[PDB]
Amino acid sequence: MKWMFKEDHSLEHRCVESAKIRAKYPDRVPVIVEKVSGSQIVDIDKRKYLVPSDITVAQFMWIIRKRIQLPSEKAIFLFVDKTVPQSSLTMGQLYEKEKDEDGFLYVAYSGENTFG
Amino acid sequence: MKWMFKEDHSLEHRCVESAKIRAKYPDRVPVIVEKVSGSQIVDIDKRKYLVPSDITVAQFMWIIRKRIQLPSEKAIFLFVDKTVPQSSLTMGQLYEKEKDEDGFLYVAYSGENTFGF
């Protein structure tokens with residue numbers, strides 16, 4: 001995926017921003033959230049998240065679902081890098097496993113791969 | 001294998017359907033998913049998918065697993081042109097590499113390795 005956050009900020013800028021935020025909040029996970037490019041699902045208003053390291057991926061998934069008010073019947077999927085994060089991991093664990101070199105964790109989301 | 005999608009639609013019909021959808025959504029790939037004929041695994045409720053080109057094969061595989069609600073403990077094998085597609089390729093790349101001449105990418109799935117040991 002090609003992230004708008006990276007298109008909007010240079011590596012230098014992002015590297016420093018995450019360094020500042022993490023130093024300030026050592027027990028929180030800084031996450032950049034964007035909808036999969038071209039996906040049909042509605043976009044999201046908030047892109048930057050700073051969550052306690054203990055919440056699970058499943059709980060983070062709920063935060064995103066709530067943010068876009070996606071109906072229970074409609075499925076939502078979280079993507080990190082080239083795979084799907086295991087819902088049981090804590091965001092702190094996902095951060096250590098998948099953090100970008102810039103210090104942020106990048107999570108993409110999408111809905112159902114409906115047709116025409 | 002014999003694909004029900006092809007049994008139900010002529011080559012002409014299929015070609016036009018994908019042409020229209022690709023023109024409308026250049027950043028999505030039309031995919032047909034069918035269970036390996038005679039396989040034990042449960043059948044799927046949806047056959048046609050329009051997938052964002054940037055998600056990976058591994059991510060799409062998960063979407064299918066969720067569609068049939070198969071416990072992660074049970075195995076799922078995807079096959080394209082009778083081979084397991086490499087999981088790190090994006091669906092867009094898999095499409096360009098393995099798309100049918102009719103414009104659709106055909107993905108088969110089974111609970112057992114049909115074309116492997």
Side-chain angles (χ1 to χ4, degrees), chain A residues 1-70 76-87 89-111 113, chain B residues 22 24-29 50-63 85-97:
Chain A
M1 221 262 273
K2 185 179 63 177
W3 307 69
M4 294 196 272
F5 185 71
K6 291 193 176 187
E7 285 177 51
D8 299 324
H9 304 288
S10 68
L11 175 53
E12 292 59 49
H13 186 85
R14 292 144 42 203
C15 194
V16 175
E17 189 182 346
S18 82
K20 297 287 185 182
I21 197 65
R22 293 174 308 174
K24 190 173 184 177
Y25 303 89
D27 289 300
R28 297 229 172 191
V29 176
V31 191
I32 299 302
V33 178
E34 286 181 41
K35 60 180 285 67
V36 170
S37 187
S39 63
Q40 190 62 51
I41 189 165
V42 66
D43 206 339
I44 189 167
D45 70 325
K46 181 173 172 61
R47 177 183 299 173
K48 299 183 174 180
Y49 297 75
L50 187 61
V51 302
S53 66
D54 77 292
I55 67 168
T56 64
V57 167
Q59 291 172 314
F60 188 66
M61 183 180 292
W62 175 260
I63 293 178
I64 295 171
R65 172 184 287 283
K66 178 174 181 176
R67 270 286 168 177
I68 61 173
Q69 313 165 64
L70 187 70
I76 184 170
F77 308 94
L78 292 191
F79 300 134
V80 171
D81 198 325
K82 298 301 184 173
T83 59
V84 178
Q86 37 200 308
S87 70
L89 285 177
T90 64
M91 288 298 283
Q93 297 177 314
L94 178 58
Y95 180 80
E96 292 309 327
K97 175 180 181 291
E98 301 286 345
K99 62 185 176 179
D100 187 273
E101 71 177 20
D102 69 12
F104 288 120
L105 167 63
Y106 289 77
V107 170
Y109 75 92
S110 172
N113 298 164
Chain B
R22 283 248 76 198
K24 193 176 181 182
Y25 303 103
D27 299 310
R28 301 183 193 180
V29 163
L50 187 58
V51 193
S53 300
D54 297 330
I55 72 158
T56 63
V57 172
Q59 298 168 328
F60 182 59
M61 180 186 296
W62 174 257
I63 292 181
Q86 62 178 303
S87 56
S88 74
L89 283 175
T90 65
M91 288 297 282
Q93 302 174 310
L94 178 58
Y95 179 75
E96 292 307 316
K97 175 179 179 291

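Lettering follows sequence order; numbering is per chain, from 1.
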Report yes if some heavy atom in the side chain of [X] is under 4.5 Å from a heavy atom in the side chain of [Y]; otherwise report no.
X	Y	result
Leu94(A)	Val29(A)	no
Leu11(A)	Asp102(A)	yes
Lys2(A)	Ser37(A)	no
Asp100(A)	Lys6(A)	yes
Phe79(A)	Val84(A)	yes

Problem set entry | Partner residues of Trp3(A) under the ring-ring contact (aromatic ring centres under 6.0 Å, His included) criterion, sequence neighbours left out | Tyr106(A)

Could you grab the distance from atom [atom1] of [X] to atom [atom2] of [Y], nearest 0.5 Å is fine?
X	Y	atom1	atom2	value
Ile32(A)	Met4(A)	CD1	CE	11.5 Å
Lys35(A)	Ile44(A)	NZ	CD1	9.5 Å
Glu98(A)	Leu89(A)	CD	CG	9.5 Å
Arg14(A)	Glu101(A)	CZ	CD	7.5 Å

For this session: Output yes when a side-chain donor or acceptor of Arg22(A) lies under 3.5 Å from a complementary backbone atom of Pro26(A), and no otherwise.
Result: no

For this session: Look only at the side chain of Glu34(A) and the backbone of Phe5(A), and say whether a donor-acceptor pair between them is shorter than 3.5 Å.
Result: yes

For this session: Considering non-hydrogen atoms only, spot the tightest contact between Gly103(A) and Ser18(A) and give its length.
Result: CA-OG, 3.5 Å

Seminar exercise, completed: For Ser110(A) and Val36(A), the nearest pair of non-hydrogen atoms, with its separation, is CB-CG2, 3.7 Å

Would you be so kind as to tabulate the donor-acceptor pairs closer than 3.5 Å made by side chains of residues 48-64 of chain A, with sequence neighbours excluded?
from: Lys48(A); atom 1: NZ; to: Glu17(A); atom 2: OE2; distance (Å): 2.7
from: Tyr49(A); atom 1: OH; to: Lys46(A); atom 2: O; distance (Å): 2.9
from: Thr56(A); atom 1: OG1; to: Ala58(A); atom 2: N; distance (Å): 3.4
from: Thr56(A); atom 1: OG1; to: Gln59(A); atom 2: N; distance (Å): 3.0
from: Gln59(A); atom 1: OE1; to: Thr56(A); atom 2: N; distance (Å): 2.8

Exercise. Any chance the side chains of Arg67(A) and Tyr109(A) put a donor and an acceptor closer than 3.5 Å?
Worked result: no

